[PDB]
Protein chains: 2
Amino acid sequence: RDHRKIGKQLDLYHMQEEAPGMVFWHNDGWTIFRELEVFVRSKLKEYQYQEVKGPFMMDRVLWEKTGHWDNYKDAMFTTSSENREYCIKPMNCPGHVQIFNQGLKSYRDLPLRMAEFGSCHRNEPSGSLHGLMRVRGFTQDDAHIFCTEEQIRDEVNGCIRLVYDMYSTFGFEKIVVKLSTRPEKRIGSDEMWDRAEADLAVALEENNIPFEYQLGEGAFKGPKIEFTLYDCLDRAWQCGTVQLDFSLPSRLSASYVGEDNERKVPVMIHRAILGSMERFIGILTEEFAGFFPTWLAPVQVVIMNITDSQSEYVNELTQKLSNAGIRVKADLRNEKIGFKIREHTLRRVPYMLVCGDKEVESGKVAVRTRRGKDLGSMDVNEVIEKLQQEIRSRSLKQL
Amino acid sequence: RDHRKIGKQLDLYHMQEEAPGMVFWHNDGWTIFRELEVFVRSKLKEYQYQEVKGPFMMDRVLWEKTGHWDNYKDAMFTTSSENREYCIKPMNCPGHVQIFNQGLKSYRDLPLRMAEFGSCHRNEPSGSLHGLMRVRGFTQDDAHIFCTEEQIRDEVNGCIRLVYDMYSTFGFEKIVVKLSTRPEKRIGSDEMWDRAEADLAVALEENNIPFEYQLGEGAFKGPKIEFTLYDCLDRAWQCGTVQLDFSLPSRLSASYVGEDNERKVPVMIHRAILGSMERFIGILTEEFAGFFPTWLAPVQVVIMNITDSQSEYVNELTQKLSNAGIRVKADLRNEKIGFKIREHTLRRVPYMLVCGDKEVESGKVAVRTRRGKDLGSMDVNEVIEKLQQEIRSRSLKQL
Ligand SMILES: *C(=O)[C@@H](NC(=O)c1cccc(O)c1O)[C@H](O)Cc1ccc([N+](=O)[O-])cc1
Ligand SMILES: *C(=O)[C@@H](NC(=O)c1cccc(O)c1O)[C@H](O)Cc1ccc([N+](=O)[O-])cc1
Ligand SMILES: [Zn+2]
Ligand SMILES: [Zn+2]
């Protein structure tokens, strides 16, 4: 249960000192990463999130208008061009406000939910880097919700449902929720904080979450919620964050016309469910110990001949499974079938299809699982339907 | 036919001086961009391209090992960290060789086709920037093929087929192909160039392409092919490039074990079909004048009520179309139906579904196109099937 060893064994990714803290994703690791994005996109569709893409660097003058910039200016990579200085973005939020500021908005556009899979970079001390857990370049399942004060409770509800629904998909059902105190120095009126804290407290009560208040001081932007999942080793991983912001929309001049035809500043809700997805893949690799569920497995099925007489059949099957949307590989190598099955079992391929002489003549295929279970000779279409159901439902367990 | 005006009208993207040459993609522009990636991914699947992801910056020491670095060092953004200097990648190729250099390879791994949608940045003079056509950050449909000398002809054939097949999808069928001369200063033996030029010439003859030899000097890496499409205004756009490389794999220490058990340097083939995809969207926006084909349209269907009596029906329909994989929006605003239809026609929505009292009671829906064609009342499932066929086939024209 070391994602760096499993990552190497399954050829998921690598790192080198020429680019510290930045992942080289190999084909199979990138497959897992794209599948996670597909999964995230399907869950946001339910809430009608927009999906946007912001630029990788912006003028330092823009970043200086955010606020508590001094505290983070040390962690950003900077660059320059034509006597102008840029920061590689360490966060997507100011870019999202730029998109919100294009076009007059009014109350009828809110809540405006805007998600991005945007790569961000931070200049972390090299001594703290570790595998996929602590990186310099990361992509989170990021989004920002622009809403009114009244809409906070409903919007925080949606985030809560999204956290519990996405975590359970992977088998994470023990979840701890920590609310945050209000620090000495904050932006915003006391009244505005008091109402927002009421929204958060009401939203957690309706869902019956047992929350604690965290001992350390919270942010200056607004109240904050952090979600911690526990893996099968009962290890704690803080992944989800919901952060209210009364500061950034005002600093970057976001506004909308309200019902009273009066110009107002939207509330921003920053939130991420998985957090850094490089890290979440690290957690998953260890949670499953490399036995990825079928929908996540880089290679879902391997089809093998016993002799060269079945090679044309195996290629036919492979094309058929591939056209049915299954990540499938043919293994036509000159190796004994017991050698091939063992090799692909060690590489954690969910299903293994064996094609001898009986199967070419019958139109069927012999099915073995990576756990060693012998499922017998099955019709090709039966196998396809069963595989498609396991994939579309993102089932955690096999047939 | 100005993509910057159409881009603004349809709310596809914007740019600002805080990040010159770098696109802020809005929801609808990003939808087009992701659809293009889906399309590219489906065409590469046919050739079993891998898809990888490399880091955004690498040590300047690595970039200096490439060769003709002096010529391009002026165009890269540089940054630094812990008394070490990095270049924001202006190209994906050295990152792909790093991935190839992880793991011993042999002849049985070749050809190894490795694609990436990787964002790259170049420090272009601000005076040359223009819309989506000349940017500082761009993503091309990039790939690198590692192969043997013998495999060049077959590999170049695949690229040729991919160029003609992808361009025709968008309606581009007039294509001009230019081969390149051999410059005075080149890397590689004369013999190695002579054989590779024979591979390229044979590959073009088999496909019956009329090629010209370009007047200007070619690259020093190897022979080169450029493909130029013509749009409906008969404007020439050079998009595809196939560039042989005998230099980079040797400089960055790529090798494989051959059949004779002898260590050898692979040939690299750099290729892109669409080129910069920001630019290709610009070309498409002008080619279609904003009337995107259904599969590309940011919003494929809009469903409208006439009064509040049909709102529940419209929401039901919307959820049904959405579950069927159609990008669909309900328009329940308090506006006359003729006003709503005109508005969504001006925004180039392919299909418009009108729900009055007759349609709620009949279970049908009235269909109007963005060209003004009245298709009559249709069963909901008929509409879904027709829409799914137009989408899955990426048809250029409506029903
Ligand atoms: C304030 O913005 C706070 N943001 C978050 O905690 C946050 C959580 C989930 C999603 C998004 O988009 C969020 O912004 C804070 O700014 C986060 C932050 C910490 C450190 C640095 N840094 O460069 O050292 C930047 C941002
Ligand atoms: C040599 O590599 C040549 N490459 C290409 O033309 C190319 C075409 C299609 C796909 C890929 O991946 C390619 O590399 C050349 O290096 C391209 C290049 C031009 C200019 C700069 N620059 O930073 O000024 C970098 C690379
Ligand atoms: Zn944020
Ligand atoms: Zn290249």
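Within every chain, numbering begins at 1; the chains are lettered A, B, ... in the order of the sequence lines, protein sequences first and strands thereafter.
Taking a cutoff of 4.0 Å between a charged side-chain nitrogen and a carboxylate oxygen, A/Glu85 and A/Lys73 do not qualify as a salt bridge. With respect to B/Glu64 and B/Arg60, a salt bridge is recorded, a charged nitrogen being found less than 4.0 Å from a carboxylate O. Electrostatic pairing of A/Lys89 and B/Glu18 does not count as a salt bridge here, judged by no charged N lying under 4.0 Å from a carboxylate O. Residues A/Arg333 and A/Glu343 are paired through a salt bridge, judged by an N-O separation under 4.0 Å between the basic side chain and the carboxylate.
Residue with the most contacts toward chain A among B/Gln50, B/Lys8, B/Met22, B/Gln98: B/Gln98 (heavy-atom pairs, distance under 4.5 Å). Considering only heavy-atom pairs separated by less than 4.5 Å from chain A, the leading option among B/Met15, B/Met114, B/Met58, B/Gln48 is B/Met58. For chain A, the option among B/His121, B/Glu17, B/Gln319, B/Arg34 with the highest count of heavy-atom pairs below 4.5 Å is B/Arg34. Put simply, of B/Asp59, B/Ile88, B/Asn27, the one with the most heavy-atom pairs under 4.5 Å next to chain A is B/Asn27.
With a threshold of 4.5 angstrom between heavy atoms, A/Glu116 does not approach chain B through any atom at all. Contact of A/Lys45 with chain B is made through the side chain alone, with heavy-atom distances under 4.5 Å. With a 4.5 angstrom heavy-atom cutoff, A/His26 touches chain B via backbone and side-chain atoms both. Within the 4.5 angstrom heavy-atom criterion, only side-chain atoms of A/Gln16, from C-beta onward, approach chain B. Looking at A/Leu62, only its side chain comes within 4.5 Å of chain B, counting heavy atoms on both sides.
Under the 6.0 Å distance and 45° angle rule, B/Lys53 does not count as a cation-pi partner of A/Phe24.
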Please evaluate residues B/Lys340 and B/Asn305 with respect to the criterion side chain to side chain donor-acceptor pair (under 3.5 Å), reporting the C-alpha separation (whole Å), side-chain torsions for both, the decisive distance (0.1 Å), and the verdict.
CA-CA 10 Å; B/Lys340 313 211 276 188; B/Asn305 56 353; 2.9 Å; yes
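Between B/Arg327 and B/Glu35 the shortest side-chain heavy-atom distance falls below 4.5 Å.
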